[PDB]
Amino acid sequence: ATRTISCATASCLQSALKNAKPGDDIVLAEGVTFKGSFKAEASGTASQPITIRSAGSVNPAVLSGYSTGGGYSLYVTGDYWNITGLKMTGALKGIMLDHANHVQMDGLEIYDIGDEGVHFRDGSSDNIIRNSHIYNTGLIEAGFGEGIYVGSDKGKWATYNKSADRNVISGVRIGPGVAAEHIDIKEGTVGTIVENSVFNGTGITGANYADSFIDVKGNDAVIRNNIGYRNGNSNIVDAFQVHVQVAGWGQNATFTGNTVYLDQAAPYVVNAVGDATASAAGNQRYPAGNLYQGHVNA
């Protein structure tokens, strides 16, 4: 690191973020809860990232908001942050990224969130969340309780840049207690990857159409080598869906190598609705039952 800033109070962290520089290593004391609405605004580079991390993993540092009904645990608006080994809780959103790029989130535990756990928004691209667990979301609004939310609905494209592109979700556990989709990939996004992840469907509510592990409304999504457990939750109607919200979106979704445990024969593995298009290969369904619906090239 170029500079080490060791913090054990919220005031220390707030100051370290305000004064953040490329190459900073902001190291948060184990066992401490840092309460605030913390803002990661500066930008690093690939060679000089800005790091916020827990000092160790026995008792990770916690970033808490003030109330599940407001704010965020962390709001990232700059590029080239490494956010590592932290817990995030106690806010309306866990981590919100606005126009933030090349952010690496690793080893996070994000839980007890009013709305959505992680949201890539306003053009935030080329980011990764890996080796993390998101659970207990949608405590305030179930229908806004996604685990991971990529991009913006069409009604917000005039407000936020829709092109939250090439974001990667790798080796993540989502659920239980995630009230909406585990992953909602919005129209306007391109190239989202969801890989090597595990979906515990207990707690998906069905609110606001949220009745699958993943809904794919963006393009060029790659959904590979994941495991989904419906766990008898009747609110889950399909493992994965693809929808067209705007013509030419919900296109070219690829589903390979996934294994889904859907309890009964009725849920589909991939339900590509209407004009949506997908390709599928190597997916395993338990028990025997419905596989693909729609324009699915199998």
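A residue's number is simply how far along the shown sequence it sits, counting from 1.
Mean CA B-factor, 68 to 76 versus 223 to 231: the higher value falls on 68 to 76.
Comparing 270 to 278 with 19 to 27, the higher mean C-alpha B-factor in the PDB entry belongs to 19 to 27. Per the deposited record, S57 carries the highest C-alpha B-factor of all listed residues (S57, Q241, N252, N258). Highest CA B-factor among the listed residues (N200, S197, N208, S125): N208.
When the CA B factors of the chain's modelled residues are split into thirds, the value for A158 lands in the highest one. Among the modelled residues of the chain, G90 sits in the highest third by CA temperature factor in this PDB entry. In the PDB entry, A265 places in the highest third of its chain by CA B-factor.
Among the modelled residues of its chain, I236 has a C-alpha B-factor that falls in the lowest third, as given in the PDB entry. When the modelled residues of the chain are ordered by their C-alpha B factor, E141 lands in the highest third.
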